[PDB]
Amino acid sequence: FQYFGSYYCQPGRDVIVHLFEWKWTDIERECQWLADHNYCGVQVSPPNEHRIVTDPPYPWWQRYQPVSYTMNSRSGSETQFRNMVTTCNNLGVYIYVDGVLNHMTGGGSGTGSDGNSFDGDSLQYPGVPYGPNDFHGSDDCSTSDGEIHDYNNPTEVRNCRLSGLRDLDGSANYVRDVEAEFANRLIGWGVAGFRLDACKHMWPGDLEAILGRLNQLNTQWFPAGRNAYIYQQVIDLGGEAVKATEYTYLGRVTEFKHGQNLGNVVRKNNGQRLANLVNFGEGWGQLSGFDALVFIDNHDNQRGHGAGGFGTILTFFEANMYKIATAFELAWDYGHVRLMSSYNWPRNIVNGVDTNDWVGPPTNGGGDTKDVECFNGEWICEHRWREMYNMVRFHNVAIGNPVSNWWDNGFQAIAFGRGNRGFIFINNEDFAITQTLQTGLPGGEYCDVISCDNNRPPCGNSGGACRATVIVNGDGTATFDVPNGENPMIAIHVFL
């Protein structure tokens, strides 16, 4: 039985970006920028035919209610999808499909994004086709409303309806065949892998049966005999009967503890200290790095969906702390890193819940999506922020080097290197620090890539606040002058 947790990237590329609700034409155009900045790939929103919800008007979450496995979605047509995949693959930037296999729609009836009808009440999905026999039901789920309530009951979690979403019978050969045909069609077009939605709600044995039906990647671009890359969404913050460790034998698993812990640390919640990150990773009770897909925030928890709440996870709304957490995550050596890329919406937290957590992407009406224009107040484009992409370059130069030359002052300042390739100093204190440290880097003149454009003089001041150059002495020490406040961190590194 094959393992699907290994990704495939061009040399010098590694980090993934979730281009949440981006249209295919925009992702196709973005792949040139992503390749130039040595990102490895893109997670795309569910591309199959999905529900069109008009009350409320065209929420993002309509794409998590499949109507069929045809390929006309809010992000564009099948033609536009295949154009995107071909162009991106040709640039060495790969595509990971948000694959929604646990369920179809909730209740009610309507027309999906490709003109096929559905009826959640009668369990009729003629575009597939699925009927009542293809779903779990009262024989499989004994809760009074048929929905999931008790996360200490694995059978309930896996056989009942997640928030009323009609729950497919993943044990049936027909459903396994239909879902593998969908995945294999995507793979045949050049898709490199999948973010598998709601895997906590599916039996690992059913996922194993589906994955065992997959074809290997398309050799127009990928090496012969290469399994697709599979990472599985399982929210495991402890204290439940379904565990992430149940899924790691199939592929990687989303490590939600990672963003919870880094959010709490950088926020200094309940007396947390940055110095505690000295052993961050598996030693914090998390998955092994090889098993983990890691990220500061995702499309659910930036808007309170999933575990819930707004006092821990860091997002673009907390931009300064968010950059600190992401910089640490990119400079560290733990997990496959995914960066969220968001759109703005009128987040309105009332009694701990965002009342507008349903709002979809920038739109002119009718359920369309507007062309991306980064930094216009509608598209956030975190992956295009200099502090992000320069730390992606830092991360790339550092690939294969362990953490070295760790230093901490005991509280909210840390520093560490990656072999002889890069060094970062993070000052999360409310004061300024002047500290000479062994960097492990060759002597020379370096630029702070958090504030400057380049890694060596001329440093480049496109952001307007490029700091004075950092001198690494012949002995490898450098004196770091890091004021507290905005971007309170200095990162330096060598060239490839």
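Residue indices: 1-based, along the sequence shown.
**Q** On mean C-alpha B-factor from the PDB entry, just flag whether 352 to 360 or 238 to 246 is the higher one.
**A** It is 238 to 246 that shows the higher mean C-alpha B-factor.
**Q** Of 200 to 208 and 132 to 140, which one has the bigger average CA B-factor?
**A** Taking the mean C-alpha B-factor of 132 to 140 and of 200 to 208, the larger value falls to 132 to 140.
**Q** For the C-alpha B-factor as written in the entry, point me to the maximum among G308, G251, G281, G422.
**A** Spelled out: the listed residue with the top C-alpha B-factor is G308.
**Q** Highest Cα B-factor in the PDB entry belongs to which of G164, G108, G92, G193?
**A** If I rank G164, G108, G92, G193 by C-alpha B-factor, first place goes to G108.
**Q** Which third of the chain does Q32 land in by C-alpha B-factor: lowest, middle or highest?
**A** Middle third by C-alpha B-factor.
**Q** Taking only the Cα B-factors deposited for this chain, tell me whether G120 sits in the lowest, middle or highest third.
**A** For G120, whose C-alpha B-factor we compare with every modelled residue in the chain, the answer is the middle third.
**Q** Quick check on the deposited entry: does the C-alpha B-factor of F290 sit in the lowest, middle or highest third of its chain?
**A** As the PDB entry reports it, the C-alpha B-factor of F290 lands in the lowest third of its chain.
**Q** Split into thirds by Cα B-factor across the chain's modelled residues, where does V472 land: lowest, middle or highest?
**A** Highest third of the chain for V472's C-alpha B-factor.
**Q** When the deposited Cα B-factors of this chain's modelled residues are ordered and cut into thirds, is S68 in the lowest, the middle or the highest one?
**A** It falls in the middle third of the chain.
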